[PDB]
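Notes follow the structure.
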Amino acid sequence: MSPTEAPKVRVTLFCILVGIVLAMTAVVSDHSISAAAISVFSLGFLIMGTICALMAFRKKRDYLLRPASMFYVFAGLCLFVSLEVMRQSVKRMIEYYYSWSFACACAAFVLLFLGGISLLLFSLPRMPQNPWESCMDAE
Amino acid sequence: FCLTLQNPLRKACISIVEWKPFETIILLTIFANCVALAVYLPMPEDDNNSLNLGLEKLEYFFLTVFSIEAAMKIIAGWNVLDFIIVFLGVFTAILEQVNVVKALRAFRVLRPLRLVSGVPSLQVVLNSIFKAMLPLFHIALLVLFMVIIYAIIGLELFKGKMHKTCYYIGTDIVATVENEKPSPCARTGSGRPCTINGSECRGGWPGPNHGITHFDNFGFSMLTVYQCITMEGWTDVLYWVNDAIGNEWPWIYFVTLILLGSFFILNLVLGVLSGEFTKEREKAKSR
Amino acid sequence: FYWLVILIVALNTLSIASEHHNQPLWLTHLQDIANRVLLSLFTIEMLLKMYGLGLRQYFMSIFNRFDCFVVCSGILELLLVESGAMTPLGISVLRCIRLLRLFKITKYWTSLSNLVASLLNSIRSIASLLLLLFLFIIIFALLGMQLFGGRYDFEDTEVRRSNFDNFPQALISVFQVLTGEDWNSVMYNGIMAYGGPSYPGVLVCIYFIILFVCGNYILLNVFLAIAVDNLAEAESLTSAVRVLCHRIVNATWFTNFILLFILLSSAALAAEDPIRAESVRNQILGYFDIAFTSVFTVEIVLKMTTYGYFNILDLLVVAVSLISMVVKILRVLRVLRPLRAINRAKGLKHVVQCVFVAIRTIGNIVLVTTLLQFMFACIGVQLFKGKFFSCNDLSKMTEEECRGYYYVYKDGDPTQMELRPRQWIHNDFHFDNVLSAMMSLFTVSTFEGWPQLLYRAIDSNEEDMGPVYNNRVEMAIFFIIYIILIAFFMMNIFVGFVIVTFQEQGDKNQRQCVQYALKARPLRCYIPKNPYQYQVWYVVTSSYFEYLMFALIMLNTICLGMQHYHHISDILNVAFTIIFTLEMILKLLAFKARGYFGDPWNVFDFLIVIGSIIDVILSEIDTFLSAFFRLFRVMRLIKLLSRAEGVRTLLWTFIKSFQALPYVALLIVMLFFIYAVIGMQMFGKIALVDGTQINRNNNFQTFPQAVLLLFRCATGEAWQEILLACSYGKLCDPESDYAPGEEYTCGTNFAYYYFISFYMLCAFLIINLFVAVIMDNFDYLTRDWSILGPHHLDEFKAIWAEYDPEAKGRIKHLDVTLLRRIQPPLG
Ligand SMILES: CCCCCCCCCCCCCCCCCC(=O)OC[C@H](COP(=O)([O-])OCC[N+](C)(C)C)OC(=O)CCCCCCCCCCCCCCCCC
Ligand SMILES: CCCCCCCCCCCCCCCCCC(=O)OC[C@H](COP(=O)(O)OCCN)OC(=O)CCCCCCCCCCCCCCCCC
Ligand SMILES: CCCCCCCCCCCCCCCCCC(=O)OC[C@H](COP(=O)(O)OCCN)OC(=O)CCCCCCCCCCCCCCCCC
Ligand SMILES: CCCCCCCCCCCCCCCCCC(=O)OC[C@H](COP(=O)(O)OCCN)OC(=O)CCCCCCCCCCCCCCCCC
Ligand SMILES: [Ca+2]
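Residue numbers (the entry's author numbering), protein chains in the order written: chain A, 1 to 31, 104 to 165, 174 to 219; chain B, 32 to 107, 121 to 144, 161 to 347; chain C, 434 to 673, 788 to 855, 867 to 883, 892 to 1072, 1082 to 1141, 1148 to 1206, 1232 to 1421, 1423 to 1434.
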């Protein structure tokens, strides 16, 4: 409710799901050899993240919003790597440019990454800002 | 008080001047001896003029006067340091005659510390400085840990990049324009390619500052990190790494390092110092 | 009488500040007769007040004690100069002592006399600590003469003036290392003077680390005990039908949207290229600016339909866009959108007003600081007037001789020479007039480039000849007495003024525990049932396991430091990742993710674990057939401060205070944004020629490069060399527009007003952000750790949940048995 149904966390998750679907597109929308292993690893990270990110709402098992974000984060952090291995492959295998695939990937990286970081900071309890408060407190 | 601690009163006979103006003669001699160290003129690799050969003699006079002072003071905290000074002095003086030593003449510059140990109104100030050096412990630990983290980061990322610069083709002469410094180079990569007309970029180069500033091992990396923390020539390393390995990724390690050396170090240190000085004001006023 | 004396004092100050090199003869004929008539009128007024105040009223009044001094000194100088007075430096110093007469305007000024009394009290309190500092400097100068004395026996021809040959030069070099200017150049000479970057040679790099860490610690203990212990005492003693839109114009919709409508309208100038004003992107930015001005003229007309300070600011920023349509001045005066945000967020209002009152508080101390600078400038003009010329080759000592061509030998090799035309070059920062002298003293006061002026003043010859090697070694006293005052003293008391005022504007134990008493709450511990897993839980929380993890982390760090340049770093990392994943899985099994994802430190631990595993996987792929993914192994030591009781608390304190003033950090961001675009427009076409201070890494071409240059100038790098690298005559890069012949027209003297101002404001701002935090936490900074502190109450809070699993309000009265664990400071 408080960390699961607040407007900010809700819109951030709404942004990260669009990030995931654009990541799927940039994976399929094709426009050096390890560029596929990093991608399937990022996809598995997205699956492992959404597994616990869906079940975080129900049963009031809210704490699982903390690990989920990381997976999303890492998903992005994986895709970016592939991004570079594309760019370097252009300088490895004239005029070139970055068509649909690369632009969608460069958008999805920032969206997924910043959304996951913001989701982590919104799920993490609080910065005390007062001498009596502390992290890991009851409600 | 009221102790002999060595032997009965038959020995402590010469202790009659210790209450005389003795705090103005050995101090006067220490000030005359700290001036016999300023007029010494060091010459390159074992040369000497007359004045230095005269000071070498006068050093015997000074050592002997200090030793007889310690001899009229033994039979009667900082005197520990005074005896260490006299011990090092006599060690040096006998070693330089056994041969008939620079590491044994370097300790001769501790003599002016007897001048602070003389006046008592200065030892209270020195003690205040030492006592105020205490509450900075957590800040010191944080600075050490941060320097260590950044040294390790730089050691991972830039380990062995700054080792190429365009010499002249068939020559071992680094090619620079008039006012340039020998910055690194890179061929067929991201790094800057140079444009001196008869120049080629080939490896086998010690480093930018004759091999002093680079990230090869942990030592030189920690040195470069400490130097960048003092905000002196950090743009030089930024450029030597922002034009020899890329140009849009090595700007983070340095800018952040500054913001963690500019913001936090100064803020924390000035804060704790002002706090301790406030507590000093209160303990001096409320009485 | 005050105006009666201020007229003549101001006229004398004008006659002083009228002098300069190459002045016409009539200017000297005016200055000398003005000195004569003003000395005679000073005599007249002295004798008038003597006959009118009694003989025994001019030798005890300190305020007017040295006017007899003034007149007698003027007479002495007159009679000494009127005779045969050789050594033009003698005339120079005789006119230097003349400059004392301008102190009557400071003495009659009562507040200035009170300030003199305050400063003299401070310095007479800190004289002993200053003596100790001076003695430490002498000890280190002697140690330097021992180590590097005569060891600069370099076979090459580069000059190294900051050496340790004799005692005055050792003192100068030690002072230069102390003030932290160019000290990293005096270290490389001391290194290469020994073997080099070898094992026994680099060990001399610790003479310059002790001298700068413990030589700047004393220096801060001195000049900050003058501003919390004698400057604070001064203040202490001083104490004793137009409604269709009137509905939403106040709603969060309109305001929250017109706020974000600027942060993207400002970015219309960021994404800009100034070399060619017409390309495929500037058209798009102009098209966006059409909307970015229309959707704001709509705003201002929607404001005007309802009504008739800041509204006029918005009006001007929206009226300049209509005339966006001389020609290069309007384009510069169009970045005004970032300013008109103070009346919208209502967060910048308070910070702008507090800093505009902080400027108000500071005024009587800055007046004398700018007078001292103006004072020293006149002394410099008397000393180094015109002596800063120098030929191209140091063998020609006159402008008549410095012509033709000469030889330049590369690497000092007498068989590899080139021809270069010699030229009588006037130094960049000189002392010809009080304006240039004030500029040079300004650059000296910021410590950037002061040795290059010191070794030029030392070499000064006559009044129009080339520099003689070490001519005057006693010329460094003027550069050491000015850096010890204005650049050391005044600045440290000016910061004390602010600091002390913050405390005033910013018993006590009872005013925090009450909040801690009623606003606190019990704590969580997550003590689990079902001994099946409690078995591993008891060791998971045990102390020796955390000691083992401490040891393993330290071992990981030592193994990470062992690496060097030119296969033991590939497998030990796998072993460490395995052990830490074991730790993760274990602590996950003894908490069931319920108490694992409660503590933020385990949240961070899981991140590190997954990152390191992914790193190992990518390294496996690398070895089968992402440099930054290895940073996750060095992050493993950041969790070393899970046991840092006094360091984690300090970070908490000094982090929860950077989130209380995010607006004072918005002022600096607005300053950088406003100055970067002005820089890009004014000096943006200068060619990037290597060897000059505007090169491929330091330029105004793009926006990030401009911001990086501004950061370099802020942090205190060689900004006065950039200031001369972008001033009216640099080569325009070819991709710009210029008629054949109009090529050397890039840059403009406006640079002098651009950089100086930026170094003032920024400095000022960097003070506020630094003190606004220091005043924010004067609770923690001044906390007696013996009487009562929230450390005691946090200990009590943690001991409470030791017996109480969950909150459940209070517990049974039996756990009185825990009251025997609290301390007398609490019970
Ligand atoms: C108790 C200690 C407290 C202090 C510690 C807290 C802060 C920790 C230090 C911050 C990390 C330093 C920044 C990383 C440096 C990256 C620069 C770089 O990689 O350049 C060369 C490398 C060179 O790699 P490369 O792949 O370009 O090399 C050549 C490539 N080819 C072959 C194509 C030519 O650049 C990269 O690695 C590319 C990645 C770009 C961005 C990666 C860096 C991300 C870092 C995350 C920031 C962490 C936030 C800080 C935490 C908060 C602290 C305030
Ligand atoms: C009393 C007031 C304060 C006192 C502070 C005292 C600080 C003393 C500084 C200690 C410096 C390290 C001492 C040990 C050096 C050992 C050098 C060594 O073992 O080998 C040389 C080293 C690496 O090997 P190398 O010889 O270069 O190999 C080349 C081919 N053989 O090559 C090297 O160049 C290694 C040199 C590295 C030196 C880096 C030191 C910088 C540390 C900065 C921390 C300062 C932070 C201050 C915090 C205090 C808070 C107020
Ligand atoms: C209150 C605290 C105040 C602090 C006081 C201390 C201040 C001075 C600190 C300066 C320390 C600098 C020491 C310099 C060591 C440099 C080691 C070196 O010279 O080279 C690295 C060496 C491999 O290099 P190389 O010699 O090239 O190998 C073959 C030959 N080429 O291989 C190595 O040497 C690697 C070994 C170093 C790696 C260590 C990793 C970090 C360890 C720190 C853990 C905790 C720190 C200590 C705790 C202090 C708190 C009390
Ligand atoms: C908690 C309170 C804190 C208070 C803060 C106090 C103020 C501190 C602010 C200091 C920040 C300094 C900014 C330094 C980063 C600037 C970016 C940079 O310097 O990289 C240069 C590089 C340009 O390279 P290139 O594009 O190749 O140019 C030639 C064409 N090849 O760039 C690149 O090519 C790569 C792309 C880089 C762009 C992304 C980074 C953002 C750039 C704008 C930074 C922010 C600007 C706004 C002002 C911030 C300052 C407040
Ligand atoms: Ca500098």
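Even for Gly, the Cβ is constructed at its ideal location relative to N, Cα and C.
- A straight-line Cα-Cα distance of about 12 angstroms links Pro-521/C and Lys-951/C.
- The stretch 954-965 of chain C makes contact with the stretch 1029-1038 of chain C, as at least three CB pairs between them are under 8 angstroms.
- In this structure, DSSP gives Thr-136/B a helical state, which the three-state scheme calls helix.
- For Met-983/C, DSSP records a beta bridge to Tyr-975/C.
- Just measuring C-alpha positions, the residue of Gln-464/C, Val-848/C and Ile-643/C sitting nearest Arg-789/C is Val-848/C.
- According to the DSSP secondary-structure assignment, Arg-531/C is paired through a beta bridge with no residue.
- Listed by position along chain A, the residues whose Cβ is nearer than 8 angstroms to that of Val-848/C form an empty set, because the closest Cβ is around 32 angstroms away.
- Partner residues in the beta bridge of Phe-955/C, as assigned by DSSP, are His-992/C.
- Going by beta carbons, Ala-109/A and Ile-1429/C fall outside the 8 angstroms limit.
- Among the residues facing chain C, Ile-105/A is included, as its CB has a counterpart in that chain under 8 angstroms away.
- Pairing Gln-1287/C with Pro-821/C gives a Cβ-Cβ distance under 8 angstroms.
- Between ligand 5 and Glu-1323/C, a heavy atom-to-CB distance of less than 7 angstroms is present.
- Scanning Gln-982/C, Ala-1053/C and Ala-798/C for the CA closest to the CA of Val-932/C turns up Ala-1053/C.
- Within the same chain, and ignoring the five residues on either side of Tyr-491/C in sequence, the residues whose Cβ sits closer than 7 angstroms to its Cβ are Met-483, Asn-497 and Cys-501.
- The bridge partners DSSP lists for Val-234/B are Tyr-227/B.
- Here the alpha carbon of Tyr-71/B sits roughly 24 angstroms from the alpha carbon of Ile-643/C.
- In this structure the stretch 300-307 of chain B touches the stretch 236-256 of chain B; the number of beta carbon pairs closer than 8 angstroms is three or more.
- In this structure, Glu-1327/C has its beta carbon at no less than 7 angstroms from each heavy atom of ligand 5.
- Any heavy atom of ligand 3 within less than 7 angstroms of a residue's beta carbon puts that residue on the list, which reads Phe-197/B, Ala-200/B, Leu-201/B, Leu-204/B, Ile-208/B, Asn-277/B, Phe-278/B, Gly-279/B, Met-282/B, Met-1129/C, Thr-1132/C, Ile-1133/C, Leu-1135/C, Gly-1136/C, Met-1137/C and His-1139/C.
- Every unbroken stretch of the alpha helix (DSSP H) spanning 4 or more residues and falling wholly within the stretch 1355-1380 of chain C is given here in chain order: 1357-1380.
- Under the DSSP assignment, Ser-259/B falls in the beta strand (DSSP E) whose first and last residues are 259-262.
- Contacts between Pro-1181/C and chain A, judged by CB atoms closer than 8 angstroms, involve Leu-204, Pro-205, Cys-215 and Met-216 in chain order.
- DSSP, read as helix, strand or coil, puts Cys-647/C in coil.
- Segment contact: the stretch 161-169 of chain B against the stretch 43-54 of chain B, fewer than three CB-CB distances shorter than 8 angstroms; contact not assigned.
- Rounded to the nearest angstrom, the Cβ distance from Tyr-971/C to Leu-985/C is 5 angstroms, consistent with a contact under 8 angstroms.
- For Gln-287/B, the nearest CB of chain C lies under 8 angstroms from its own CB, placing it at the interface with that chain.
- In this structure, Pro-1181/C has its CB at a distance of at least 7 angstroms from all heavy atoms of ligand 1.
- For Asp-998/C, the shortest C-beta to heavy atom distance toward ligand 5 is 7 angstroms or greater.
- Separation of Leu-326/B and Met-1005/C (C-alpha to C-alpha, rounded to the nearest whole angstrom) is 28 angstroms.
- By the C-beta density criterion, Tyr-1350/C is exposed, having fewer than 16 other C-beta atoms within 10 angstroms.
- Not one heavy atom of ligand 1 falls within 7 angstroms of the beta-carbon of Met-625/C.
- Per DSSP, the unbroken alpha helix (DSSP H) holding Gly-19/A starts and ends at 7-28.
- Neighbourhood of ligand 4, defined by CB distance below 6 angstroms to any of its heavy atoms: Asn-307/B, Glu-308/B, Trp-311/B, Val-315/B, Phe-1264/C, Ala-1271/C, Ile-1274/C, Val-1275/C, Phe-1278/C, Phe-1279/C, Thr-1308/C, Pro-1310/C, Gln-1311/C, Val-1313/C, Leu-1314/C and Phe-1317/C, in chain order.
- For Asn-1301/C, DSSP records a beta bridge to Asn-1304/C.
- Annotation: Cβ neighbours of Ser-1232/C in chain A (cutoff 7 angstroms, chain order): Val-153.
- The C-beta distance from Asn-1305/C to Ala-192/B rounds to 45 angstroms, too long to meet the 8 angstroms contact threshold.
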